[PDB]
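Sequences listed follow chains A and B, in order. Residues 1 to 27, 27A to 27F, 28 to 94, 96 to 152, 157 to 214, numbered by the entry's author numbering, are exactly what the first sequence covers, in order. Residues 1 to 52, 52A to 52C, 53 to 82, 82A to 82C, 83 to 100, 100A to 100C, 101 to 126, 134 to 213, numbered by the entry's author numbering, are exactly what the second sequence covers, in order. Some notes on the structure that comes next.
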Amino acid sequence: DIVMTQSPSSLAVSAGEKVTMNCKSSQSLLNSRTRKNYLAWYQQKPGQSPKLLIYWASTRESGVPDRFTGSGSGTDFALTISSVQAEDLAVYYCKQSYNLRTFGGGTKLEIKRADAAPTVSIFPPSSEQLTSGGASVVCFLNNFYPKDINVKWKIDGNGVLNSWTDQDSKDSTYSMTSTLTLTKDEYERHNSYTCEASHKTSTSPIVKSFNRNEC
Amino acid sequence: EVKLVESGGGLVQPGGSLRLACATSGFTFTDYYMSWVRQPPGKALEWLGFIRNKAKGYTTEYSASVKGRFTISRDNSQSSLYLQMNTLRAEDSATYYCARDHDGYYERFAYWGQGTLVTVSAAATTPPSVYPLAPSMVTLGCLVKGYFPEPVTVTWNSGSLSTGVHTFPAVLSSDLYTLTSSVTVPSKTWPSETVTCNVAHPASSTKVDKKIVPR
């Protein structure tokens, strides 16, 4: 029943900055026979399986940049990144292997970047979909920042599905898709279809649209 | 080279049983502990238990959370590891990993599979419907609609297209998922040369190619 707790739950920092994060054990992880702390740090990038960085609380694993440092002994342990890079985006987990195994809740590391603008693409229902009774119009909000964003669905002047990508690993950006899902027959009934994209980079939405009758 | 591959995961009905497999190669199997870890989507890693090595009698330990409900076994002739799960709950829906393990001293010998997705739900399995999304640079997309359970995988040109691709996190709705993928290429590439999204939904034994065409 060794319990692990991590703090803080999340961290946002711009490239170049230093960061620390902590990990607390309900009891000592120091082996009095190897004189080592059975405490390891793992980094898990979105889409990937956890990968080891440090073990024995201190010693780094091969290929792991030296900007990563594990430290502490006993019950309190820390991971320090001397200078965060864009690739450092990931959730960071500590793990005790002193008696059985336990992971702390993790620490999510987000990246602050130069406030960037989206890129909007509009897509009408595909032939195949209409001939299936349904019809969806899709909007692609690509490579912006931050995630603070909303989509207004104007039809001729509900049933919506949104989804944010996870932060990119080089341009530290975000993307989104609003899928206004519709019936064929009621898509057949109106003309102009627009997706107003409210961002905090402008007091006027991004303008992408099409007229059904023109397709 | 050290290999681990999880399998046997998919949809199971609540209260059901399911046994996961983990095949290994590239190292003396009986010399290592073998561990099972899970992760509900967007949640944190939870250690589940392990089975020890030959010298330790292949003994087992478990997280308090699953002691008495999950059982860990190994077939030392097939170099295979197994996780038998009973009385499955919505909460057990997770990616399950096997990972090479050993005494805490040899933490650095950790090696993980890529996991397998177990969805516990009473919903009916449903194949995906794939639609093309046609419009100096240009953005194309593919709509993947009305399928269950996760996961599906989306590639463009069979993997040859990794740059400019935004595959979005699936979204549930009335027991059906919907995800989307956008790729952004130059104008000189499309529609001169084909752009094809390749959709794989294993749990419905589905593989669907969809070419993106103008007009």
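For each residue, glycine too, the CB sits at the ideal point set by N, CA and C.
Check	Outcome
Neighbour flag for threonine 193 of chain A against chain B, beta carbons, 8 Å	no
DSSP beta-bridge partners of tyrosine 175 of chain B	B:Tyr145 and B:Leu170
Whether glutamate 6 of chain B touches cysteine 92 of chain B by CB criterion (8 Å)	yes
Proximal residues to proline 167 of chain B (C-beta, below 7 Å), its chain only, five neighbours per side dropped	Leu177
When B:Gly42, B:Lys143, B:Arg52 and B:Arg83 are compared against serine 43 of chain A, the one with the closest alpha-carbon	B:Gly42
Expected contact under 8 Å - CB spacing of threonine 74 of chain A and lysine 24 of chain A to nearest Å	With a Cβ gap of about 16 Å, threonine 74 of chain A and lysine 24 of chain A do not count as contacting.
Whole-angstrom distance between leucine 124 of chain B and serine 127 of chain A, CA atom to CA atom	16 Å
Cβ of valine 169 of chain B within 8 Å of any chain A Cβ	yes
CB contact check: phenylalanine 27 of chain B to chain A, cutoff 8 Å	no
Supposed close pair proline 118 of chain B, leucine 11 of chain B - CB separation, criterion 8 Å	At roughly 13 Å, the Cβ-Cβ gap does not stay under 8 Å, so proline 118 of chain B and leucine 11 of chain B are not in contact.
8 Å Cβ cut-off: residues of chain A touching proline 123 of chain B	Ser121 and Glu123
C-alpha distance - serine 208 of chain A paired with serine 156 of chain B, whole-angstrom precision	31 Å
Test: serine 62 of chain B CB closer than 8 Å to a CB of chain A	no
Sequence-distant residues of its chain with Cβ nearer than 7 Å to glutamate 58 of chain B (five each side left out)	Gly49 and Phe50
Status (buried if at least 16 other CB within 10 Å, exposed otherwise) for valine 132 of chain A	buried
Backbone CA spacing between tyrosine 140 of chain A and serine 168 of chain A [nearest angstrom]	14 Å
Coarse secondary structure for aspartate 31 of chain B, derived from DSSP in three states	helix
Whole-angstrom distance between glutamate 187 of chain A and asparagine 22 of chain A, CA atom to CA atom	57 Å
Cut-off 8 Å between Cβ atoms - residues of its own chain near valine 3 of chain A, not counting five sequence neighbours on either side	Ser25, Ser26 and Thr97
Counterpart residues of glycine 16 of chain A in DSSP-defined beta bridges	None, per the DSSP bridge assignment.
Cutoff 6 Å; reference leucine 174 of chain B; Cβ partners in own chain excluding five residues on either side	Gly144 and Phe146
Residue-level contact to chain B via CB, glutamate 187 of chain A, 8 Å cutoff	no
8 Å Cβ cutoff, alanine 21 of chain B in contact with chain A	no
Backbone secondary structure at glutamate 187 of chain A - three-state DSSP	coil
Distance CB(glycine 9 of chain B)-CB(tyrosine 90 of chain B) smaller than 8 Å	yes
CA-to-CA distance, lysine 30 of chain A to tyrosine 99 of chain B, given in whole angstroms	8 Å
Backbone CA spacing between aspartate 207 of chain B and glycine 66 of chain A [nearest angstrom]	53 Å
8 Å Cβ cutoff, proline 8 of chain A in contact with chain B	no
Beta-carbon gap between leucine 20 of chain B and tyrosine 55 of chain B smaller than 8 Å	no
Exposure of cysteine 88 of chain A, with buried meaning 16 or more beta-carbon neighbours within 10 Å	buried
Residues that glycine 106 of chain B contacts on chain A, provided the C-beta gap is smaller than 8 Å	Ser43
Min CB distance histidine 164 of chain B to chain A below 8 Å	yes
Opening and closing residue of the alpha helix (DSSP H) in which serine 122 of chain A lies	122-125
Residue burial classification, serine 87 of chain B (beta-carbon count within 10 angstroms, cutoff 16)	buried
Within 8 Å, strictly: CB atoms of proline 113 of chain A and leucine 136 of chain A	yes
Residue span of the beta strand (DSSP E) that contains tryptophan 47 of chain B, given as start and end	46-51
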